[PDB]
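**Student:** Here it is: the structure, laid out below.
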Amino acid sequence: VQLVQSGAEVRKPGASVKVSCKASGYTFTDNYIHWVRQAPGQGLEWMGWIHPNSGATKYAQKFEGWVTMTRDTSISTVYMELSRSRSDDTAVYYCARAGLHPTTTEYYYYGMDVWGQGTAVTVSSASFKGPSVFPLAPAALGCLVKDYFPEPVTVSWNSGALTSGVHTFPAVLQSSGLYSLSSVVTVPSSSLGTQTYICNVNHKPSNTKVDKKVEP
Amino acid sequence: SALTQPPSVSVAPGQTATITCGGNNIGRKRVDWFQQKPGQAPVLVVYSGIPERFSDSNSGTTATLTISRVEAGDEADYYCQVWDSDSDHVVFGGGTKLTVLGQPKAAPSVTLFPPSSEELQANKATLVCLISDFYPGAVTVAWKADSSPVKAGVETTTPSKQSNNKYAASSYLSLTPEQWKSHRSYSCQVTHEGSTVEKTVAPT
């Protein structure tokens, strides 16, 4: 039994996100399905559960009124859309199934045993932008992809020919809302002038891919 | 209607880790335990003879999961939850960052690049301090320019581990082009476990 959630989401404030949780491997109407939400780099927080059979909804205290949890049964999937999102709602949302059967008759609450992948939802007021790649001259070489959104930019060197010393770093989100990352590759000092290195920064969301060259 | 969990716990490999989840009237309730390795979704923990590393134990007031014979694959966050029958809330814990301190120290190699020549044609400047292969995680980074610290525009990454299981981070210092050409030299004074590494660049 495995749960499959929807793809990653990136929406501006005011736009609605819908995370679908698909269940395969059991009688769909058997047990509950909860929706734990994890903030960026923080602890888990409960959102509520939905019984796919009856269709009832039980929402958490701070998640009521703006979170609607639906069910389909026909496609054997569960939803959890949030109409009119906000910039503080950026988080990784998780669906779970209460598959654990109680070890006692006193406390008959099924525990979460099967967990979905986790649809990383990112909500921010920034508009899409393409990374401007600059060369970092020199031993160690380097590249700079500056001021871009939304994550991710996939950086490799020489169209995948180089993997020895490449160490593409993590993006440092600036105050303006635009990300920025650098990629450095240590190449032998004797080779400079006898080898051409090219950044292969490729940013699909902005449809911007540039093979810029690093030269002294 | 709350559950307490310590923020950090450091245990040597092969020892015994003891995580606590403090509630009240939790004797009847059975607290489930979770394990969220970084990135991946949390996986619900499930407990001579058949040897057992994990033992779920509850004792009325504070229920403590005990990890025995700590392995490197146990380094993760651990959570606890229970159904509040009184208030009808499943209450999660704060999560305990179990850190396995088996790996030894490693001085951080620092690489610093000056503003690109193409940057300055756009009338903008951005230096870049790159600290790689550090350990454990302390990387206090300070920006000194022309023998004076510069704090305006310094932006540093929060440390994140890498493929070699050593932690590396980065720091950027946006600047005006007229200011960058004015001073004689710049420096990225990175401090780590009391030891400071420094690289210097100049407007050539």
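**Student:** Report the label-to-label distance for B:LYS144 and A:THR154 in nanometres (one decimal), using points 7 Å from each Cα along the Cα→Cβ vector.
**Tutor:** 4.3 nm
**Student:** Separation of the stretch A:117-140 and the stretch B:1-75 by C-alpha centroid, Å?
**Tutor:** 37 Å
**Student:** Scan around A:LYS212 for amide H atoms under 5 Å from its own, H built in the peptide plane at 1.01 Å from N, and keep only partners 5 or more places away or cross-chain.
**Tutor:** Hits under the 5 Å cutoff: A:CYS199, A:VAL201.
**Student:** While we're looking at this one, here's another question. What's log10 of I(q)/I(0) for the stretch B:103-204 at q = 0.15, 0.19, 0.20, 0.24 Å⁻¹, Debye sum over Cα points only, no solvent?
**Tutor:** -0.60, -0.88, -0.95, -1.23
**Student:** Once you charge only the Cβ atoms, +1 for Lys and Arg and -1 for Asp and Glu, what is the size of the charge dipole of the stretch B:1-102 about its Cα centre, to the nearest 20 debye?
**Tutor:** 160 debye
**Student:** Let me ask you something else. From Cα coordinates alone, what are the radius of gyration and Dmax values for the stretch A:126-216 in angstrom?
**Tutor:** Cα-based Rg and Dmax for the stretch A:126-216 come out at 13.2, 44 Å.
**Student:** Right, next: Just to be sure I understand the curve: with the Debye formula and one point per C-alpha of the protein assembly as shown, what is log10 I(q)/I(0) at q = 0.06, 0.11, 0.12, 0.14 Å⁻¹?
**Tutor:** Here the Debye-derived log intensity ratios amount to -0.33, -0.97, -1.08, -1.27.
**Student:** If you average 1/r over every pair of different alpha-carbon atoms in the stretch B:110-169 and take one over that average, what Kirkwood value in Å do you get?
**Tutor:** Details: mean 1/r = 0.0756 Å⁻¹.
With all distinct Cα pairs of the stretch B:110-169 included, I get 13.2 Å.
**Student:** Set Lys and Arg Cβ to +1 and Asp and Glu Cβ to -1, take the dipole of chain A about its Cα centre, and tell me which of A:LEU141, A:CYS21, A:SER87 lies farthest positive.
**Tutor:** A:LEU141
**Student:** While we're on this one: Could you give me the radius of gyration and the Dmax of chain A, taking only the C-alpha atoms into account and expressing both in angstrom?
**Tutor:** Just the Cα atoms of chain A yield Rg and Dmax of 22.8, 76 Å.
**Student:** Taking a point 7 angstrom from the Cα of B:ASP133 along the C-beta vector, which residues in the stretch B:76-115 have backbone N less than 19 Å away?
**Tutor:** B:103-113
**Student:** On to the next question. Just how large is the dipole of the stretch B:103-204 about the Cα centre, in debye to the nearest 20, putting +1 at every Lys and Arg Cβ and -1 at every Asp and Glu Cβ? Walk me through the numbers before you get to the answer.
**Tutor:** Values: 9 positive and 8 negative charges, 34 e Å.
Taking the Cα centre of the stretch B:103-204 as origin, the dipole is about 160 debye.
**Student:** Rounded to two decimals, what is Rg over Rh for the stretch A:1-125 when you use alpha-carbon atoms and the Kirkwood radius?
**Tutor:** We get a ratio of 0.97 for the stretch A:1-125.
**Student:** Could you size up the charge dipole of the protein assembly as shown around its Cα centre, putting +1 on the beta carbon of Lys and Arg and -1 on that of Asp and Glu, and report it in debye to the nearest 20? Intermediate results must be reported in sequence, preceding the final value.
**Tutor:** Numbers: 33 positive and 32 negative charges, 141 e Å.
For this selection, approximately 680 debye.
**Student:** Among A:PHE63, A:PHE149, rank each residue by its count of other Cβ atoms within 10 Å, from fewest to most, as a rough exposure measure. Mind showing how you got there, number by number?
**Tutor:** Values: A:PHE63 17, A:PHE149 25.
Starting with the residue having the fewest Cβ neighbours, the order is A:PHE63, A:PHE149.
**Student:** Along the charge dipole of the stretch B:1-102, which of B:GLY60, B:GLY94, B:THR18 sits closest to the positive end, that is, farthest toward it, with unit charges on the beta carbon of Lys, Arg, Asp and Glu (+1, +1, -1, -1)?
**Tutor:** B:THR18
**Student:** OK, next. Give me the one-decimal nm value for the distance between modelled label points at B:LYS181 and B:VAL197, 7 Å along each residue's Cα-to-Cβ direction.
**Tutor:** According to this spin-label approximation, the distance is 3.3 nm.
**Student:** Right, something else. Fully extended, how many nm does the chain gain between A:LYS62 and A:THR105 (0.36 nm per residue separation, minus their Cα-Cα distance)? Could the numbers behind the result be given before it?
**Tutor:** On the way: separation 43, 0.36 × 43 = 15.48 nm, distance 3.06 nm.
Using 0.36 nm per residue and subtracting the Cα-Cα distance, I get 12.4 nm.
**Student:** On a straight-distance basis, which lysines could pair with A:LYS62 in a cross-link, Cα separation under 30 angstrom, same-chain partners fewer than 8 positions away excluded?
**Tutor:** Qualifying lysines at Cα under 30 Å: A:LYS12, A:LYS18, A:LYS22, B:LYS29, B:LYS37, B:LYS97.
**Student:** If we count every other residue with Cβ under 13 angstrom of A:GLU106's Cβ, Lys/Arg +1 and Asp/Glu -1, where does the sum land? Write down the numbers at each step before the final one.
**Tutor:** Numbers: positive: B:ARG28, B:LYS29, B:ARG30; negative: none.
Counting the neighbours of A:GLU106, the net charge comes to +3.
**Student:** Could you state, as a whole-number percent, how many of the C-alpha pairs of the stretch B:1-138 are farther apart than 17 Å?
**Tutor:** 69 percent
So basically every Cβ, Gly included, is an ideal-geometry build from the backbone, and we count neighbours across all protein chains shown. No lab work stands behind these numbers, since they all come straight from the coordinates.
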